[PDB]
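Atoms within a ligand are numbered from 1 in the order they appear, just like the ligands themselves. In this chain, numbering begins with 1 at the start of the sequence shown. Hydrogens, waters and symmetry mates are skipped; everything else that's a heavy atom, side chains included, is used.
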Amino acid sequence: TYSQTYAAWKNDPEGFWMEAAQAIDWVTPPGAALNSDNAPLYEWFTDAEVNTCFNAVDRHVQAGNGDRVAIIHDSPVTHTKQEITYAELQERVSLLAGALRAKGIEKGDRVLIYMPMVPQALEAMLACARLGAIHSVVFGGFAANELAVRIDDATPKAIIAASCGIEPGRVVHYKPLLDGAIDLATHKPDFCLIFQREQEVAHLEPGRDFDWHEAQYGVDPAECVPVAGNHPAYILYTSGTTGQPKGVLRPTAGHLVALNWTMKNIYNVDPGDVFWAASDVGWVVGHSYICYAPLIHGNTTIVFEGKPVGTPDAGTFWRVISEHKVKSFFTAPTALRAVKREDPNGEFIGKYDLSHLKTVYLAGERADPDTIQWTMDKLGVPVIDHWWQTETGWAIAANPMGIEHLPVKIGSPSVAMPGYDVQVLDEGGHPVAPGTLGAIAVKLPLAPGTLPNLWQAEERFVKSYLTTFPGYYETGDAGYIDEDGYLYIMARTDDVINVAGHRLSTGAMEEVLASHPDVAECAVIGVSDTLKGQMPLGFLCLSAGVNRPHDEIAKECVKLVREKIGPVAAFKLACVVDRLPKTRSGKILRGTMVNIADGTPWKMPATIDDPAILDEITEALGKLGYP
Ligand SMILES: CC(C)(COP(=O)(O)OP(=O)(O)OC[C@H]1O[C@@H](n2cnc3c(N)ncnc32)[C@H](O)[C@@H]1OP(=O)(O)O)[C@@H](O)C(=O)NCCC(=O)NCCS
Ligand SMILES: Nc1ncnc2c1ncn2[C@@H]1O[C@H](COP(=O)(O)O)[C@@H](O)[C@H]1O
């Protein structure tokens, strides 16, 4: 039972994690789990030696499963289906690693990856892991400036990219965006590796850019390089301002142990089953559950290049699941809301044999009751909300379907996973009564596989995560826990919003808006949206002496966010106001504007400069349709 599992962890955490560590093939096995020598900066399995690519690929070939399918590429936007076995994947990754080594990549070097959803993206991640290089994958929906920030922070020796990708009605110009990002960056890579795609080919800068295939001619395959248990597996940037980059570090050994454990115990698949997360390699869901966890565990994983609707229609999810015999499906609530908007009766579902589909999982944003119940009703399988974040790399709260299918409380991601002692704390740092809203914190040490630190930013790591609640990790989410231990995730406690499942910094957006020549100051809030959960909304205050029309400035701002942050920011609603409501210390009362926009309750702020400002704000919101 799950109570037995969780109590077994509480009563003997070392024994629990050392046993889970037995599933990993070590070069040097760890002698213990927790390393508390640098508390409160805890680390796990630091004395191990291991290689991630060996456990995700080679080992399965050596076990006789070389002909098992490792990766299925299903790209409706290029009408392409490709299957790659574990033996084929071993050949591709070891030769690609050899090419990276021949051009100077060494253990510890960073390699940025800027690619759409193609199997070559996983091969690049795994090749870096094979060399002990440290990859950093950047979502292809980010703009050249955002890619430049990353280049500067991570100082990669190389960047791997594809020529293009396909979005509905638009080709994404990866290589031109990379070119502009490299020009913007102060740090310059030694070389780039460019995977050409026929939909829009790329220009190579001579001496810098090399063709993916040609660079592999005549190279020897590289071996799996042994790295320390606490060697970084990758750097994954999450929501932030250009001044305060948050490069989440993933430690190699805890990552292997924890992700492997989740595949049966949470996602209820056995080795050889087919698993599909409809996410992107640019996100942690794509790191953990497109690339690493299924391959570590010996599953088939699906790399899907398309959309829940429009590539070609709302049946695509069911066609993919049916055709490839998916057993567990992992997606985001926004994607299913799009499907049921187009196909409310689930007519596409009856067209396909879904008899292999056993469980659906949701994460990345609030899983609303309508979406849960529709999906349960139309698929007749359990639908499992579960909560986690870039920092943890795997579930904090879940329904542990491979251990015990617990009763689902619709609206809740269920219960704390082993390794997470989850508590709701008040302003004063004290646990509150069940059902009381507060900040969700996790008692240190955070579970194996979670971040030990931020890339070259230890001070920012301590401040943002370990300081508000000493002895705890501050998740950044607020919510409550009921009397049975079921979690409910409410809002972020910081500037972050979740748009269509995507974690975005509103502060990043304000910094961009604040650089428009005519804007004196601004505020970006996240308003409620039925389809996408939240949407960003901007308020603009012009400088003195601005005559220009208001909507024309608003357009240049919408366009500046798209150019500086990227299309993924989904920033379409900007408006112009005389002034912003502030407290005595000058803080902008963003929380009050949100409640006004959402038509939710609020109390007039107690230290607001001029209350009449909120009437002006209310008029600006009504012009945009809110509420
Ligand atoms: C919202 C949804 C219906 C897609 O529709 P959408 O119009 O693309 O909505 P988004 O907010 O994602 O897209 C915003 C913009 O970024 C672009 N975008 C999305 N993904 C992109 C990508 N991989 N590369 C480049 N641009 C991308 C879109 O084209 C869009 O551009 P537009 O303004 O010119 O139309 C939904 O399927 C979705 O995005 N789910 C989450 C995706 C995911 O990977 N989630 C992981 C969480 S578990
Ligand atoms: N199951 C969930 N329910 C509600 N919010 C979630 C859930 N999963 C993830 N999130 C939100 O998304 C954040 C993680 O984003 P990311 O780091 O990009 O994966 C969390 O901190 C939450 O704010």
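Near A363, meaning under 4.0 Å from any of its heavy atoms, are these atoms of ligand 1: 48 (S). Each of the atoms 33 (O) of ligand 1 lies under 4.0 Å from some heavy atom of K572. Interface of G140 with ligand 1, defined as ligand atoms under 4.0 Å from a residue heavy atom, comprises 24 (N), 25 (C). Every atom of ligand 1 with a heavy atom of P308 under 4.0 Å away is listed here by number and element: 37 (O). In the vicinity of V568, heavy-atom distances shorter than 4.0 Å reach the ligand 1 atoms 16 (O). Remark: ligand 2 atoms within the under-4.0 Å shell around heavy atoms of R366 are 3 (N), 4 (C), 5 (N). Every atom of ligand 2 with a heavy atom of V284 under 4.0 Å away is listed here by number and element: 19 (O). Each of the following atoms of ligand 2 lies closer than 4.0 Å to a heavy atom of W388: 8 (N), 9 (C), 14 (C), 20 (C). Atom numbering of ligand 2 starts at 1 in the shown order; those under 4.0 Å from a heavy atom of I489 are 4 (C), 5 (N).
Remark: among candidates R562, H502, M535, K532, the nearest residue to atom 7 (O) of ligand 1 is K532, based on non-hydrogen atoms. Comparing heavy-atom distances from atom 20 (N) of ligand 1 across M115, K307, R337, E365 singles out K307 as nearest. Considering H386, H502, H287 only, the shortest heavy-atom separation from atom 1 (N) of ligand 2 involves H386.
Ring centers of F304 and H324: at least 6.0 Å apart, outside the cut-off. Close placement of the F139 and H502 rings is indicated, their centers lying within 6.0 Å of each other.
Side-chain atoms of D598 and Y626 include no donor-acceptor pair closer than 3.5 Å. Side-chain contact of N595 with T600: a donor-acceptor pair under 3.5 Å is present, judged by distance alone.
Atom 15 (C) of ligand 1 has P567 O, 3.1 Å as its closest protein atom, hydrogens excluded (heavy atom only). Atom 11 (C) of ligand 2 has its closest protein heavy atom at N498 ND2, 3.5 Å. Closest protein heavy atom to atom 16 (P) of ligand 2: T390 OG1, 3.4 Å. Protein heavy atom closest to atom 15 (O) of ligand 2, with residue, atom name and distance, is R503 CD, 3.5 Å. Here the heavy atom of the protein found nearest to atom 47 (C) of ligand 1 is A332 CB, 3.9 Å. In this structure, the protein non-hydrogen atom closest to atom 2 (C) of ligand 2 is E365 O, 3.2 Å. Closest to atom 8 (N) of ligand 2 among all protein heavy atoms lies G364 N, 3.0 Å. Considering only non-hydrogen protein atoms, atom 25 (C) of ligand 1 sits nearest to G141 CA, 3.4 Å. Of the protein's non-hydrogen atoms, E167 OE1, 3.4 Å is the one closest to atom 19 (C) of ligand 1. For atom 21 (O) of ligand 2, the closest non-hydrogen atom on the protein side is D477 OD2, 2.6 Å. The protein atom (non-hydrogen) at minimum distance from atom 44 (O) of ligand 1 is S279 CA, 3.4 Å. From the protein, the heavy atom lying nearest to atom 41 (C) of ligand 1 is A500 O, 3.1 Å. At the shortest separation from atom 3 (C) of ligand 1 among protein heavy atoms lies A338 CB, 4.0 Å.
Note on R170 versus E200: no salt bridge recorded, every NZ/NE/NH1/NH2 to OD/OE distance being 4.0 Å or above. Comment: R197 engages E305 in a salt bridge, judged by a side-chain N to carboxylate O separation of less than 4.0 angstrom. Taking a cutoff of 4.0 Å between a charged side-chain nitrogen and a carboxylate oxygen, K564 and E511 do not qualify as a salt bridge. Residues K378 and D343 are not paired through a salt bridge, judged by the lack of any N-O separation under 4.0 Å between the basic side chain and the carboxylate. Looking at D273 and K327, a side-chain N of the basic residue comes within less than 4.0 Å of a carboxylate O on the acidic one, giving a salt bridge. Ion pairing of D370 with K340 is absent here, as no side-chain N (NZ or NE/NH1/NH2) approaches a carboxylate O to less than 4.0 Å. Taking the charged nitrogens against the carboxylate oxygens, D368 and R337 do have a contact shorter than 4.0 Å, which makes a salt bridge.
Tested against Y267 for a ring pair (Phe, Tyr, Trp, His ring centres under 6.0 Å), the candidates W276, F329, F275, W394 yield a single pass: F275.
By the definition of a contact as any protein heavy atom under 4.0 Å away, atom 35 (O) of ligand 1 is not in contact.
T392 places no side-chain N or O within 3.5 Å of a backbone atom of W388 that could act as its donor or acceptor partner.
Residue-to-ligand polar distances keep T334 apart from ligand 1: every N/O pair is separated by 3.5 Å or more. For ligand 1, one of its N or O atoms has an N or O atom of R170 under 3.5 Å away. Not a single N or O atom of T331, backbone or side chain, sits closer than 3.5 Å to an N or O atom of ligand 1.
For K175, the NZ atom sits in a packed shell: over 12 heavy atoms of surrounding residues, nucleotides or ligands are nearer than 6.0 Å.
If you look at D385 next to ligand 2, the close heavy atoms, those under 4.0 Å, all belong to the side chain. At a heavy-atom distance under 4.0 Å, no atom of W283 approaches ligand 2. Residue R492 touches ligand 2 through its side chain alone, judged by heavy-atom distances below 4.0 Å.
Across all their heavy atoms, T241 and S505 have their closest contact at CG2-OG, 4.2 Å.
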